[PDB]
>>> print(open('coords.pdb').read())   # PDB, C-alpha atoms (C1' of nucleotides)
ATOM      1  CA  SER V   1      47.430 100.921-152.039
ATOM      2  CA  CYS V   2      44.507 102.376-153.974
ATOM      3  CA  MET V   3      46.379 102.672-157.320
ATOM      4  CA  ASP V   4      45.414  99.219-158.590
ATOM      5  CA  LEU V   5      44.377 100.316-162.088
ATOM      6  CA  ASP V   6      47.242  98.304-163.600
ATOM      7  CA  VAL V   7      45.553  95.018-162.645
ATOM      8  CA  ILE V   8      41.895  94.780-163.673
ATOM      9  CA  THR V   9      40.082  92.069-161.734
ATOM     10  CA  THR V  10      36.426  92.747-162.518
ATOM     11  CA  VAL V  11      34.446  95.148-164.693
ATOM     12  CA  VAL V  12      30.749  95.874-164.203
ATOM     13  CA  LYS V  13      28.579  97.802-166.645
ATOM     14  CA  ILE V  14      25.340  99.472-165.551
ATOM     15  CA  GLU V  15      22.894 100.081-168.401
ATOM     16  CA  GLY V  16      19.550 101.760-167.802
ATOM     17  CA  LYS V  17      17.200 104.551-168.818
ATOM     18  CA  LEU V  18      17.095 107.871-166.967
ATOM     19  CA  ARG V  19      13.630 109.446-166.841
ATOM     20  CA  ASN V  20      13.245 112.934-165.411
ATOM     21  CA  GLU V  21      10.498 113.454-162.850
ATOM     22  CA  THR V  22      10.335 117.255-163.031
ATOM     23  CA  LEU V  23      11.089 119.688-165.844
ATOM     24  CA  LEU V  24      14.656 118.642-166.580
ATOM     25  CA  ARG V  25      16.707 121.497-168.007
ATOM     26  CA  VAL V  26      19.977 120.533-169.652
ATOM     27  CA  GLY V  27      23.108 122.224-168.366
ATOM     28  CA  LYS V  28      23.209 124.541-171.390
ATOM     29  CA  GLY V  29      26.929 125.184-171.417
ATOM     30  CA  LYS V  30      26.081 127.114-174.576
ATOM     31  CA  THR V  31      25.823 130.296-172.527
ATOM     32  CA  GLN V  32      24.595 133.011-174.912
ATOM     33  CA  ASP V  33      25.573 130.619-177.725
ATOM     34  CA  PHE V  34      22.623 130.189-180.070
ATOM     35  CA  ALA V  35      22.907 127.469-182.708
ATOM     36  CA  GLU V  36      19.471 126.890-184.284
ATOM     37  CA  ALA V  37      17.030 127.826-181.508
ATOM     38  CA  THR V  38      15.670 130.843-179.672
ATOM     39  CA  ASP V  39      17.643 132.680-176.955
ATOM     40  CA  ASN V  40      19.989 130.439-174.956
ATOM     41  CA  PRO V  41      19.299 126.846-176.078
ATOM     42  CA  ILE V  42      19.985 123.667-174.147
ATOM     43  CA  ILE V  43      22.829 121.568-175.497
ATOM     44  CA  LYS V  44      21.990 118.685-177.802
ATOM     45  CA  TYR V  45      23.788 116.051-179.865
ATOM     46  CA  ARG V  46      22.608 116.494-183.464
ATOM     47  CA  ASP V  47      19.276 118.072-182.495
ATOM     48  CA  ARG V  48      18.880 115.428-179.769
ATOM     49  CA  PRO V  49      18.935 116.711-176.169
ATOM     50  CA  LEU V  50      21.865 115.220-174.287
ATOM     51  CA  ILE V  51      22.627 115.093-170.572
ATOM     52  CA  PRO V  52      26.337 115.937-170.170
ATOM     53  CA  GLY V  53      28.439 113.205-168.629
ATOM     54  CA  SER V  54      30.409 115.871-166.782
ATOM     55  CA  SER V  55      27.249 117.193-165.122
ATOM     56  CA  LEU V  56      26.243 113.753-163.854
ATOM     57  CA  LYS V  57      29.798 113.077-162.694
ATOM     58  CA  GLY V  58      29.901 116.359-160.790
ATOM     59  CA  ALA V  59      26.544 115.756-159.122
ATOM     60  CA  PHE V  60      27.564 112.218-158.163
ATOM     61  CA  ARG V  61      30.887 113.449-156.789
ATOM     62  CA  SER V  62      29.138 116.123-154.728
ATOM     63  CA  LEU V  63      26.764 113.509-153.318
ATOM     64  CA  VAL V  64      29.648 111.145-152.537
ATOM     65  CA  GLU V  65      31.603 113.931-150.829
ATOM     66  CA  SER V  66      28.560 114.784-148.723
ATOM     67  CA  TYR V  67      28.169 111.126-147.755
ATOM     68  CA  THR V  68      31.853 110.761-146.880
ATOM     69  CA  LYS V  69      31.842 113.879-144.718
ATOM     70  CA  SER V  70      28.657 112.613-143.063
ATOM     71  CA  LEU V  71      30.519 109.394-142.249
ATOM     72  CA  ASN V  72      32.795 111.410-139.931
ATOM     73  CA  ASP V  73      35.554 108.804-140.018
ATOM     74  CA  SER V  74      39.276 109.415-139.666
ATOM     75  CA  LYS V  75      40.109 106.680-142.194
ATOM     76  CA  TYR V  76      38.084 108.395-144.946
ATOM     77  CA  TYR V  77      38.521 112.012-146.024
ATOM     78  CA  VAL V  78      37.745 114.340-148.918
ATOM     79  CA  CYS V  79      40.235 116.887-150.236
ATOM     80  CA  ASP V  80      39.500 120.152-151.997
ATOM     81  CA  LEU V  81      39.483 120.127-155.785
ATOM     82  CA  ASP V  82      41.800 123.137-156.083
ATOM     83  CA  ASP V  83      44.330 121.691-153.623
ATOM     84  CA  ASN V  84      47.346 120.077-155.282
ATOM     85  CA  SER V  85      48.792 118.634-152.054
ATOM     86  CA  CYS V  86      46.019 116.050-151.661
ATOM     87  CA  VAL V  87      46.696 112.343-152.104
ATOM     88  CA  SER V  88      44.275 109.503-152.734
ATOM     89  CA  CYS V  89      45.413 107.021-150.075
ATOM     90  CA  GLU V  90      48.161 107.002-147.442
ATOM     91  CA  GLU V  91      49.930 103.742-146.571
ATOM     92  CA  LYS V  92      51.474 104.976-143.327
ATOM     93  CA  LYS V  93      52.054 102.707-140.342
ATOM     94  CA  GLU V  94      45.885 100.988-141.583
ATOM     95  CA  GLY V  95      45.800 104.200-143.595
ATOM     96  CA  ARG V  96      43.645 107.051-144.839
ATOM     97  CA  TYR V  97      41.599 106.933-148.035
ATOM     98  CA  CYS V  98      39.611 109.382-150.152
ATOM     99  CA  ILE V  99      36.330 107.862-151.324
ATOM    100  CA  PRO V 100      35.564 110.480-154.027
ATOM    101  CA  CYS V 101      39.196 110.299-155.128
ATOM    102  CA  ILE V 102      38.909 106.510-155.314
ATOM    103  CA  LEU V 103      35.701 106.665-157.337
ATOM    104  CA  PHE V 104      36.023 109.613-159.726
ATOM    105  CA  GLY V 105      39.773 110.181-159.476
ATOM    106  CA  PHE V 106      41.933 113.181-158.657
ATOM    107  CA  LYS V 107      45.019 114.891-160.044
ATOM    108  CA  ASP V 108      47.186 112.130-158.563
ATOM    109  CA  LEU V 109      44.880 109.276-159.614
ATOM    110  CA  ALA V 110      42.570 108.723-162.558
ATOM    111  CA  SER V 111      38.934 107.765-162.114
ATOM    112  CA  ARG V 112      37.649 104.237-161.587
ATOM    113  CA  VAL V 113      33.960 104.779-162.436
ATOM    114  CA  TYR V 114      33.368 106.033-165.969
ATOM    115  CA  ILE V 115      30.079 107.797-166.709
ATOM    116  CA  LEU V 116      28.821 108.092-170.275
ATOM    117  CA  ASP V 117      26.504 110.649-171.857
TER     118      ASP V 117
ATOM    119  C1'   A K   1      82.373  96.745-214.286
ATOM    120  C1'   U K   2      83.455 103.553-209.716
ATOM    121  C1'   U K   3      89.683 102.171-204.739
ATOM    122  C1'   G K   4      84.294  98.994-203.521
ATOM    123  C1'   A K   5      81.088  95.864-201.425
ATOM    124  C1'   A K   6      76.387  95.271-197.911
ATOM    125  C1'   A K   7      73.624  96.692-194.384
ATOM    126  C1'   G K   8      65.392  99.932-193.128
ATOM    127  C1'   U K   9      67.777 105.002-188.270
ATOM    128  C1'   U K  10      64.969 100.828-186.835
ATOM    129  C1'   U K  11      62.927  99.364-182.862
ATOM    130  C1'   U K  12      59.555 100.407-177.785
ATOM    131  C1'   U K  13      55.961 104.457-175.047
ATOM    132  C1'   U K  14      47.479 105.703-175.500
ATOM    133  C1'   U K  15      48.401 113.539-174.751
ATOM    134  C1'   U K  16      46.213 111.082-169.855
ATOM    135  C1'   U K  17      44.175 112.877-164.893
ATOM    136  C1'   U K  18      41.564 116.854-161.750
ATOM    137  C1'   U K  19      36.167 120.405-163.075
ATOM    138  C1'   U K  20      27.801 119.740-162.695
ATOM    139  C1'   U K  21      27.539 126.584-167.239
ATOM    140  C1'   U K  22      26.274 127.180-161.794
ATOM    141  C1'   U K  23      23.437 131.005-157.887
ATOM    142  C1'   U K  24      19.889 134.688-157.695
ATOM    143  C1'   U K  25      14.560 136.551-161.015
ATOM    144  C1'   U K  26       6.140 135.298-158.501
ATOM    145  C1'   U K  27       4.098 137.147-166.691
ATOM    146  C1'   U K  28       1.746 141.136-162.626
ATOM    147  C1'   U K  29      -0.300 146.569-162.182
ATOM    148  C1'   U K  30      -5.081 148.727-163.298
ATOM    149  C1'   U K  31     -11.010 148.078-165.512
ATOM    150  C1'   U K  32     -18.555 147.082-161.464
ATOM    151  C1'   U K  33     -21.194 142.637-167.554
ATOM    152  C1'   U K  34     -24.441 147.740-167.521
ATOM    153  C1'   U K  35     -28.048 150.487-170.395
ATOM    154  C1'   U K  36     -32.769 152.062-172.348
ATOM    155  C1'   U K  37     -38.432 148.167-172.128
ATOM    156  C1'   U K  38     -45.399 149.059-167.251
ATOM    157  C1'   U K  39     -46.629 141.217-168.134
ATOM    158  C1'   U K  40     -50.093 145.154-171.412
ATOM    159  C1'   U K  41     -54.981 145.116-174.695
ATOM    160  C1'   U K  42     -59.839 142.655-176.042
ATOM    161  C1'   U K  43     -64.588 139.875-172.636
ATOM    162  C1'   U K  44     -71.715 142.846-168.955
ATOM    163  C1'   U K  45     -71.632 136.179-163.831
ATOM    164  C1'   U K  46     -74.657 135.211-166.776
ATOM    165  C1'   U K  47     -81.365 132.706-170.123
ATOM    166  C1'   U K  48     -86.837 128.976-171.719
TER     167        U K  48
END
>>> encode(input="coords.pdb", output="structure tokens")
Amino acid sequence: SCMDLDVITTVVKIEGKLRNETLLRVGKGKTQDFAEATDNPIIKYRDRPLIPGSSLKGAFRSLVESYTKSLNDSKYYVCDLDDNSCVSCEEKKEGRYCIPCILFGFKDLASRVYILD
RNA sequence: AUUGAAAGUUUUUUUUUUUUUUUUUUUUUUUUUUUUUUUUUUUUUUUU
């Protein structure tokens, strides 16, 4: 049973500073949406450039999916995002689990790892 | 001193989950640092 969000045993908070190595370009969801800058401007929170939490979550989920598929284990699988027939874990008689579904949630299950901006 | 009255429509329930504004796009193509100007003029290898 992977739906244990009702009972919270432990909570860990990771606080740090992210420093870009190369020329980091913000997602710029403001596609052809100028606010106070030239051409298409990167998104920012009150004139302060902001890395979207959704972007980091998507990149992390892609990395986790790649890792899980590289595991090549029957017990652990990844289901397509558009599929609505996927389930997080199966308690059929030892069971199957979805690591990205466990971490960042699915339609059937909410996330367990929250990522801030 | 209404036939005659005194009662809260109240408790209880998070509008929540799934989703990277993403891929592609070499600030390059052309243009001789050349061009007119004499390292020239003056001076006895020489006297008591």
>>> resolve_selection(input="coords.pdb", expression="the PyMOL selection byres ((chain V) within 6 of (chain K))", output="short mmCIF file (atom, residue, chain, number, x, y, z; two decimals) with C-alpha atoms, in the frame of the given file")
data_model
loop_
_atom_site.label_atom_id
_atom_site.label_comp_id
_atom_site.auth_asym_id
_atom_site.auth_seq_id
_atom_site.Cartn_x
_atom_site.Cartn_y
_atom_site.Cartn_z
CA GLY V 29 26.93 125.18 -171.42
CA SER V 55 27.25 117.19 -165.12
CA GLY V 58 29.90 116.36 -160.79
CA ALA V 59 26.54 115.76 -159.12
CA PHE V 106 41.93 113.18 -158.66
CA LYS V 107 45.02 114.89 -160.04
CA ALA V 110 42.57 108.72 -162.56
#
>>> atom_distance(input="coords.pdb", atom1="CA of residue 98 in chain V", atom2="CA of residue 56 in chain V")
19.6 Å
>>> resolve_selection(input="coords.pdb", expression="the PyMOL selection byres ((chain V and resi 37-53) around 8)", output="list in words")
residues 25, 26, 27, 28, 29, 30, 31, 32, 33, 34, 35, 36, 54, 55, 56, 57, 115, 116 and 117 of chain V
>>> closest_residue(input="coords.pdb", among="V:67, V:100, V:114, V:92", to="residue 80 in chain V", atoms="all atoms listed in the file")
V:100
>>> atom_distance(input="coords.pdb", atom1="CA of residue 63 in chain V", atom2="CA of residue 12 in chain V")
21.1 Å
>>> decode(input="coords.pdb", residues="range 7-41 of chain K", atoms="C-alpha atoms (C1' of nucleotides)", output="PDB file, in the first residue's frame")
ATOM      1  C1'   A K   7     -36.829  26.826  20.523  1.00  0.00           C
ATOM      2  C1'   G K   8     -29.738  29.604  15.849  1.00  0.00           C
ATOM      3  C1'   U K   9     -31.564  25.444   9.988  1.00  0.00           C
ATOM      4  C1'   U K  10     -27.487  24.331  13.072  1.00  0.00           C
ATOM      5  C1'   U K  11     -23.943  21.245  12.964  1.00  0.00           C
ATOM      6  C1'   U K  12     -19.451  18.236   9.963  1.00  0.00           C
ATOM      7  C1'   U K  13     -16.289  18.067   4.787  1.00  0.00           C
ATOM      8  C1'   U K  14      -9.039  22.035   2.462  1.00  0.00           C
ATOM      9  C1'   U K  15     -11.593  22.727  -5.008  1.00  0.00           C
ATOM     10  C1'   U K  16      -7.361  18.653  -4.477  1.00  0.00           C
ATOM     11  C1'   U K  17      -4.309  15.395  -7.951  1.00  0.00           C
ATOM     12  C1'   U K  18      -1.888  14.467 -13.028  1.00  0.00           C
ATOM     13  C1'   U K  19       1.689  18.525 -16.801  1.00  0.00           C
ATOM     14  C1'   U K  20       9.589  21.282 -17.554  1.00  0.00           C
ATOM     15  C1'   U K  21       6.602  26.954 -22.697  1.00  0.00           C
ATOM     16  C1'   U K  22       9.412  22.701 -25.067  1.00  0.00           C
ATOM     17  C1'   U K  23      12.331  21.143 -30.263  1.00  0.00           C
ATOM     18  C1'   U K  24      14.698  23.155 -34.330  1.00  0.00           C
ATOM     19  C1'   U K  25      17.973  28.602 -35.908  1.00  0.00           C
ATOM     20  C1'   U K  26      26.778  29.341 -36.748  1.00  0.00           C
ATOM     21  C1'   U K  27      25.450  37.871 -36.369  1.00  0.00           C
ATOM     22  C1'   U K  28      27.939  36.020 -41.693  1.00  0.00           C
ATOM     23  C1'   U K  29      28.585  37.608 -47.257  1.00  0.00           C
ATOM     24  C1'   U K  30      32.020  40.934 -49.685  1.00  0.00           C
ATOM     25  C1'   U K  31      36.839  45.073 -49.314  1.00  0.00           C
ATOM     26  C1'   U K  32      45.294  44.156 -50.720  1.00  0.00           C
ATOM     27  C1'   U K  33      46.784  49.655 -45.120  1.00  0.00           C
ATOM     28  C1'   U K  34      48.468  52.004 -50.433  1.00  0.00           C
ATOM     29  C1'   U K  35      50.104  56.579 -52.717  1.00  0.00           C
ATOM     30  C1'   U K  36      53.352  60.504 -54.337  1.00  0.00           C
ATOM     31  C1'   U K  37      59.551  61.647 -51.587  1.00  0.00           C
ATOM     32  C1'   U K  38      67.283  60.178 -54.931  1.00  0.00           C
ATOM     33  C1'   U K  39      70.074  59.723 -47.461  1.00  0.00           C
ATOM     34  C1'   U K  40      71.148  64.866 -50.725  1.00  0.00           C
ATOM     35  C1'   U K  41      74.510  69.692 -50.456  1.00  0.00           C
TER      36        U K  41
END
